[PDB]
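S.K.: The data below comprise the sequence and an experimental structure of the protein.
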Amino acid sequence: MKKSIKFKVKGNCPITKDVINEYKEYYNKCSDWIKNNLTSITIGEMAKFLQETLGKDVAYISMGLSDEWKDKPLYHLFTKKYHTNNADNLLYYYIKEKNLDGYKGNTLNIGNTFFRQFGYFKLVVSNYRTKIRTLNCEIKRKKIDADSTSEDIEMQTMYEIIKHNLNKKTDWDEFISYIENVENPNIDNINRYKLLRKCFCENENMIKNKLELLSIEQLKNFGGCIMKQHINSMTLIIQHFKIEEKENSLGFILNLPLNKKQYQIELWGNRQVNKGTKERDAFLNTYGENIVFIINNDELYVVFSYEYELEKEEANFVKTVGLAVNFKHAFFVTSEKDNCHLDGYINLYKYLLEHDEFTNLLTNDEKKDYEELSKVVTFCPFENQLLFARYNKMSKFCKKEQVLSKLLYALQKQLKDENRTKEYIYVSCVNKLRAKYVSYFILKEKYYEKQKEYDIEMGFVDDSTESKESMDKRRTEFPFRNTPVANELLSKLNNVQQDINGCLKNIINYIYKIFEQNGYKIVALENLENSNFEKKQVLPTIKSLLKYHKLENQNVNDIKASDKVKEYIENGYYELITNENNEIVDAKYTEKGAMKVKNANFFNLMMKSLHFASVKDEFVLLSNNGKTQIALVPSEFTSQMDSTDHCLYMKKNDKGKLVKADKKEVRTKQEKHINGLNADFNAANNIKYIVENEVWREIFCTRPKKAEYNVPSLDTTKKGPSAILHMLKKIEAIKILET
RNA sequence: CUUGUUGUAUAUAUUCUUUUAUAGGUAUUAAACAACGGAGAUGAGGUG
Ligand SMILES: [Mg+2]
Ligand SMILES: [Mg+2]
């Protein structure tokens, strides 16, 4: 259906930076008003004032005084239930007849409806509507006890809904069922959910009104929708503009009518819209009405929107592959075995094993691990532990990161000289991804250090001498984000992340094209989500070590907080400085501990930065035009089931219910499953079987209706975790775990 | 108009940057292969 193209202007064009600046100022004032009145103002007062001023009884004005929306907050004009155009007209005429946007014409005297009613106000309404319909609040996990106020209980009651989607009584009951039926885990967490159920269904509607009220309050604090100073775009609706191909050129001409005057904007051609292609015909035959103007690095751009027909193919089920996405060791392990059958595939773990400068520093365990990986089809030999040796000068794993990097870069030069460009781009983007992640870490932790300096220089100290009422205001009135220094770091981070995204797309394109050019009609990923990531446990901070753990006053001989804290004291993580009482009053972060926290952060930050949960979206996008199709498998039990015999190990408690075992009851310390296989090779094989096997393909893979943009050919079922457990049990996917 | 954006050089000069240092900034210098539905500048941790 819809689709965009962007063009650049060549030379003469009346859309200067001042025009976009004026449009941006109008947008920002209007959206600032809407932000400041998202909830305080009532729709009823607006409609009554329109009754006072105009007096008409049109549909939108009548809907303002209807009993459904008479006293609801203004933000309901942006929800799903409220009629769209009625809200548009009501809000528009309210702002207009009060001159709250401050409109005083424009530079080029564009039509008032095309610049104000259908322009920046249209964008403001569209953007606020988009956000409020997908409100995403964020709350912390405060410890829940019997002694707590209703709000303290409720805040965590709303928290669990946010993190796990427990809107319904069914959603809670299917959740308690799951936890109690694996390993018989800690009773304390189950007690929490039981208490919340005693407090969730008690006040369901109140909780539902909350997490909307709170979500909006978390929207008027993050700035709402105020266009960021680096963007500088401008969207307009124009009625009779035409676009024609430039004469004797691979360009286009825009015939924009402005101020009743027929202008002419010269453009450059896009290779997207190159001559003779179907995309050029579709663009020129059916291009929309909305035009966007952007200033991107001191240059102007035009965005149009045309409509096309996608011809996405359908699932074939002849040659399938599962891709496990595990960031530890290789980024992309498949279900395939590296029998040198894939065309245009370079196995980098095999390349690292032929050389001896590498396998002379590797212990007997590491040799077996690397040689097990080298037998399978892997991709992007990211080594999170080795890569951290670049940042850690005193690392035990240094001289391994130097040899690894040198050998990889030497292979890159060899690939350049032998002219294998497909693999050359892959390896160069691998090297640059590894270096750019270190750059991202450097810049993002300079961001955090600078933020801490800013907090302790603006009086945002946790030790505060001001009212908490003022602190929240200033945290919003002058946050770190708006400061000039942060925009420098955020710009550098945007450049680095742009390189990261590009190199990641090059690697993903490489994998997809290898799978497509060999004949793999389906690629089965998993419905991975930010909950499927195992984050390394960061050490307790300075604040938490003394205050929560009550270490602020106790002797070294006195260890009552926890045993794990005592283990942290055993290693040189904290430097506990004794006071005159020989009990720890001042605490430190030791350089060993400082570099431990850095290792934890270095591993954890790979989730969002390297798109842990978006390595399926790019694969789907590559299938919108390719021949390989993408199948999403439920992100559970795939990395917990024996690949040789497809069964979930389960143990019989003496109570008498066959229940699954611990996630570590099946994994040893090494990345080897109890079936004697690499964990990722196990997980990848399981993924494929849930597609290869037709019965399992119908049980968990719910086929969408037809081919659609941005949609996999096969999707996971909507059944919850406990439903998936029982259905496998109902088909005898069961193995007794002989402990 | 060999035409737009992004990715991809471990390139020459560099009394530039440790806030991109196996990389960037400024001068250049060189190349094809790709993708492109506008895009993505929102939080770093502890006992669960
Ligand atoms: Mg770049
Ligand atoms: Mg280029």
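M.R.: On my side now, so go ahead. Numbers count the residues shown, from 1 in each chain, chains lettered A, B, ... in the order given. Ligands and ions are numbered 1, 2, ... in the order given.
S.K.: rest of the way, CA atoms for contacts and neighbours
M.R.: Will do.
S.K.: ok, residue A:165 - how many residues close by?
M.R.: Look at residue A:165: counted by other C-alpha atoms under 10 Å, it has 12 neighbours.
S.K.: excluding its backbone neighbours, what's nearest it?
M.R.: residue A:171 (7.4 Å; C-alpha to C-alpha, 6 or more residues apart in numbering).
S.K.: And the helix or strand hosting that neighbour, what does it pack against?
M.R.: Taking DSSP states H and E as the criterion, residue A:171 maps to helix A:169-180. With contacts defined as 3 or more C-alpha pairs under 8 Å, 6 or more residues apart in numbering; DSSP states H and E, helix A:169-180 has these neighbours: helix A:187-200, helix A:721-730.
S.K.: ok, is it in contact with RNA strand B or not?
M.R.: No - using C-alpha under 7 Å from any atom of the strand, helix A:169-180 never reaches RNA strand B; the gap is at least 10.2 Å.
S.K.: related to what we said a few turns ago, tell me which of the helices and strands packed on helix A:169-180 sits nearest to residue A:298.
M.R.: Counting by C-alpha to C-alpha, residue A:298 lies closest to helix A:721-730 out of those; the figure is 51.3 Å.
S.K.: moving C-terminal of the closest one, what's the next helix or strand?
M.R.: Sequence order places strand A:734-736 as the next helix or strand after helix A:721-730, per DSSP H and E.
S.K.: Could you spell out the sheet neighbours of that next one, each with its direction?
M.R.: strand A:648-652 (parallel) (DSSP bridges).
S.K.: returning to what we had before: can you give me the buried ones in the helix holding residue A:171?
M.R.: Counting neighbours by 16 or more other C-alpha atoms under 10 Å, one finds that the buried residues in helix A:169-180 are A:172, A:175, A:176, A:178, A:179.
S.K.: Next one: the third one from RNA strand B, what distance?
M.R.: To RNA strand B, residue A:176 is 13 Å away according to C-alpha to the nearest atom of the strand, to the nearest Å.
S.K.: Repeat that for the second one.
M.R.: Relative to RNA strand B, residue A:175 is positioned 14 Å away (criterion: C-alpha to the nearest atom of the strand).
S.K.: my read: that residue touches residue A:722, true?
M.R.: Yes - between residue A:175 and residue A:722 there is a contact under C-alpha atoms under 8 Å: 7.4 Å.
S.K.: Quick one: check the lengthiest helix in chain A for contact with RNA strand B.
M.R.: Counting by DSSP state H, the longest helix found in chain A is helix A:421-457. Yes - using C-alpha under 7 Å from any atom of the strand, we find that helix A:421-457 touches RNA strand B at A:421-422, A:424-425, A:428-429, A:431-432, A:435-436, A:438-440, A:442-443, A:446, A:448, A:450-452.
S.K.: Out of these, which end up buried?
M.R.: Using 16+ other C-alpha under 10 Å as the burial test, the residues of helix A:421-457 next to RNA strand B include A:422, A:424-425, A:428-429, A:431-432, A:435-436, A:438-440, A:443, A:450-451 as buried.
S.K.: Quick check: residues of the stretch 251-400 of chain A near RNA strand B?
M.R.: Residues of the stretch 251-400 of chain A that fall close to RNA strand B, judged by C-alpha under 7 Å from any atom of the strand: A:251-252, A:266-272, A:274, A:292, A:294, A:303, A:390.
S.K.: can you do 6 Å?
M.R.: Contacts of the stretch 251-400 of chain A with RNA strand B, taken as C-alpha under 6 Å from any atom of the strand, map to A:251, A:266, A:267, A:268, A:269, A:270, A:271, A:272, A:274, A:303, A:390.
S.K.: Narrow those residues to just the buried residues.
M.R.: Buried by 16+ other C-alpha under 10 Å: A:251, A:266, A:267, A:268, A:269, A:270, A:390, out of those.
S.K.: Next, give me the two most distant ones among these.
M.R.: A:266 and A:390 (48.6 Å).
S.K.: pretty sure residue A:197 contacts residue A:172?
M.R.: Yes - the criterion here is C-alpha under 8 Å, and residue A:197 meets it with residue A:172 at 7.1 Å.
S.K.: Backbone dihedrals for the most centrally placed residue in chain A, please?
M.R.: The centroid of chain A falls nearest to residue A:608 when counting by C-alpha atoms, centre = their mean (5.7 Å). In terms of degrees, to the nearest 10, the main-chain angles of residue A:608 are phi -80, psi -40.
S.K.: Distance check, the residue located most distally from the centre of chain A against RNA strand B.
M.R.: Most distant from the centre of chain A: residue A:580, at 49.6 Å, with distances by C-alpha atoms, centre = their mean. Counting by C-alpha to the nearest atom of the strand, the separation of residue A:580 from RNA strand B is 26 Å.
S.K.: just residue A:277 next, same as before
M.R.: For residue A:277, the distance to RNA strand B (C-alpha to the nearest atom of the strand) stands at 11 Å.
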